[PDB]
Every structure is written in structure tokens, then in C-alpha cells.
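Chemist: Start counting the sequence shown at 3; every next residue gets the next number (the deposited numbering).
For every residue, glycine included, the Cβ atom is placed at its ideal position computed from N, Cα and C.
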Amino acid sequence: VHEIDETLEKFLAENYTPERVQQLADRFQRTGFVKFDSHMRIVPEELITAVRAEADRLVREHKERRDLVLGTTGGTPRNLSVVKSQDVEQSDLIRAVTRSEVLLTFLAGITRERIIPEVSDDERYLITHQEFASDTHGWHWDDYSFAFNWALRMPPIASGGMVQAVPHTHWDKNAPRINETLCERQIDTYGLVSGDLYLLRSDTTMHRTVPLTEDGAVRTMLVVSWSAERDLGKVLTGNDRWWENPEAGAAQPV
Ligand SMILES: N[C@@H](CCCC[NH3+])C(=O)O
Ligand SMILES: O=C(O)CCC(=O)C(=O)O
Ligand SMILES: [Fe+2]
């Protein structure tokens, strides 16, 4: 019920000072990435366990396999299973924590700008489920500024699945220049463990997941998308919504 908004207001208050937020806002501006791991929690471990169970049920009852390349992102592959945004919104818990006014106001101190939780209907939420060798979420950008991700299940680092990122880029759907960007920039790699969360500046940080090296290395990620003020009134272009529509124009199966 309404207990989650009071639980977050107490957990954030006893775990963060205003200047620590400013330090995280500096790292966020510099790298586009702030990891909330066991050393710096953002949500209590009780809620993570509950969210993990909600995602396991949604994956078990709604996972749809994706094996395609996206033209608007230089033909990068998408090899994983998805749970559409429409099915994730069935979870009252996920909607409660992700649309919480306490969380959006706190995280606004890290982004240093207003976080509007409203995005496109088919991209509000997303669960990616990777489990096969060479499963990957290829290099891409997001249409919206922010992504709040729940690394609910992570394999060991040696199995792959780390998040790679190139901050201070931009999405040009007509000329993605994926590999050209890598030749001009350096790649940051972030290791995640089960229960980690992270905030991503997803519209200017080219990112991907390192392909899994072996079958059974289950990787389940809850992806929450939020708008910035720059995202209001956005007109979607490219016809590349592969997660909702597998037969999108810019999507070619493999
Ligand atoms: N634009 C991303 C999908 C984002 C889905 C979650 N916000 C891609 O091409 O892979
Ligand atoms: O699984 C991840 O950590 C990244 C997913 C992602 O970038 C997306 O869903 O747009
Ligand atoms: Fe993304």
C-alpha cells in the first residue's frame, strides 16, 4: 500500500546526506552511470527480494524470445527474452516503487534535473531475460533520458553480462556510427551482482550488455524508463520498437 513511500523516505534519509548526493551527481554527469550495490543501497533489501519474485513470475508467464538486429543502432544484435511493458505494469509493487514520489525526488538530486516518470506506453517498463550463450543486448541508446535498472539476477562475472558504456554520445538514427564511436572513445565496463541497481543516462550513453559465455548464466534485468524535461512532447521516429513489436521496420530477425 502506501507503506512503500514511507519506507523509502526513511531508508534514503538514514543512508544519504545531501553532499553525498552531490558526489553521486558528479559521477553521474561524468560517467552516466551510478551503481547502487551492497556498499551503497538505494532501496531496502526487503523490497528487492519482493521485486525479484514479481519479476520471476512475470518472466515465467510472459517471456518472449527476441533474436534480431536493429538498423537504427548500426545492426547491433538483440538476443534475449523480453517481458513487455504492458505485462510489467500488472505488478502493483513495481508500479509503486518506480513511480514513488520519494524515489523520483531523491534521484532528481543525482540527475540535477526533474524526473518525469511518464514515457511511451510500450516502454514504461521492461524485463530482459538472458540465459543462452552469446545472448546479448547490443550497443544502443534509449529514446528517453533516464533508465532505472534492477539487476535482479546476475551470473558470475566470468560468465559475462557486464554493462558496457560510452558516455557523452548521442543517438543518430540515420547514422548510428556504432563501431566508429568505439574507435574514437574508451569503453567503461561495470560488473553487477544479484540485487544491484543502477541509474543510467540512457539517451547520451551508448551502452550494451557483454554477451553471455555459457548456457544457464541466467541474467534478469528490470528496466524502468523515465523522461527528462527534454523528453516531453517527444515524437518517436525510426520504427525500431523491437521489444514491443518484433516485426518493427528497423528490426531484422536472425
Ligand atoms: N532503445 C533500446 C530499447 C530500450 C527498451 C527499454 N527502455 C534498444 O534499441 O535496445
Ligand atoms: O540489461 C541492462 O543492464 C541494459 C538494458 C538496456 O539498456 C535497455 O533495456 O534499454
Ligand atoms: Fe538501454
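Helix, strand or coil, according to DSSP, for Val-104 in the structure here?
Modeler: helix
Chemist: Kindly indicate which residue of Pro-119, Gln-92, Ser-93 and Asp-94 has the alpha-carbon position closest to the one of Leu-105.
Modeler: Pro-119
Chemist: Confirm the yes/no value for this check: CB of residue 257, any heavy atom of ligand 2, distance under 7 Å.
Modeler: Because the chain in this structure spans residues 3 to 256, residue 257 falls outside the shown range and cannot be described.
Chemist: Report the start-end ranges of each beta strand (DSSP E) in the region 126-209 that is 3 residues or longer and not cut off at the edges.
Modeler: 127-132, 138-142, 148-155, 165-168, 190-192 and 198-203
Chemist: Cβ atoms of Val-99 and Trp-245: under 8 Å apart, would you say?
Modeler: no
Chemist: Could you have a look at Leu-234 and say whether DSSP puts it in helix, strand or coil?
Modeler: coil
Chemist: Give the C-beta separation of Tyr-200 and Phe-38 to the nearest angstrom, bearing in mind that I take them to be a contact with Cβ-Cβ under 8 Å.
Modeler: Confirmed, Cβ separation roughly 6 Å.
Chemist: Exposed or buried, what is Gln-132 when buried is set at 16 or more other beta-carbons lying within 10 Å of its beta-carbon?
Modeler: Its Cβ being crowded by 16 or more others within 10 Å, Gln-132 is buried.
Chemist: Using the DSSP secondary-structure output, state which residues sit across from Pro-79 in a beta bridge.
Modeler: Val-71
Chemist: Where do the ends of the alpha helix (DSSP H) carrying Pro-20 lie?
Modeler: 20-33
Chemist: Grab the span of the alpha helix (DSSP H) containing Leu-10 for me, first residue to last.
Modeler: 5-15
Chemist: Alpha carbons only, please: which of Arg-243, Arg-32 and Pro-46 is nearest the one belonging to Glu-16?
Modeler: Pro-46
Chemist: Check whether the Cβ of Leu-72 lies closer than 7 Å to any heavy atom of ligand 1, and answer yes or no.
Modeler: yes
Chemist: Let me check understanding here. Comparing Cα to Cα, which of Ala-135, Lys-86, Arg-155 and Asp-217 lies closest to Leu-60?
Modeler: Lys-86
Chemist: Does the beta carbon of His-142 fall short of 7 Å from some heavy atom of ligand 1?
Modeler: For ligand 1, at least one heavy atom lies less than 7 Å from the Cβ of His-142.
Chemist: Looking only at its own chain, which residues have a Cβ that is under 8 Å from the Cβ of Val-23, when we skip the five neighbours before and after it?
Modeler: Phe-108, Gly-111 and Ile-112
Chemist: If you drop the 5 nearest sequence neighbours on each side, which residues of the same chain put their C-beta closer than 8 Å to that of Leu-224?
Modeler: Here the set comprises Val-53, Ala-57, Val-90, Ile-96, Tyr-127, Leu-128, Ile-129, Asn-151, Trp-152 and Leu-154.
Chemist: Shortest alpha-carbon distance to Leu-10 belongs to which of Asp-28, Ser-102, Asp-137 and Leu-234?
Modeler: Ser-102
Chemist: Does DSSP put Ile-50 in a helix, a strand or coil?
Modeler: In this structure, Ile-50 counts as helix in the three-state DSSP scheme.
Chemist: Would you mind working out which of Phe-35, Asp-190, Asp-145 and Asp-137 sits nearest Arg-232, comparing C-alpha positions?
Modeler: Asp-145
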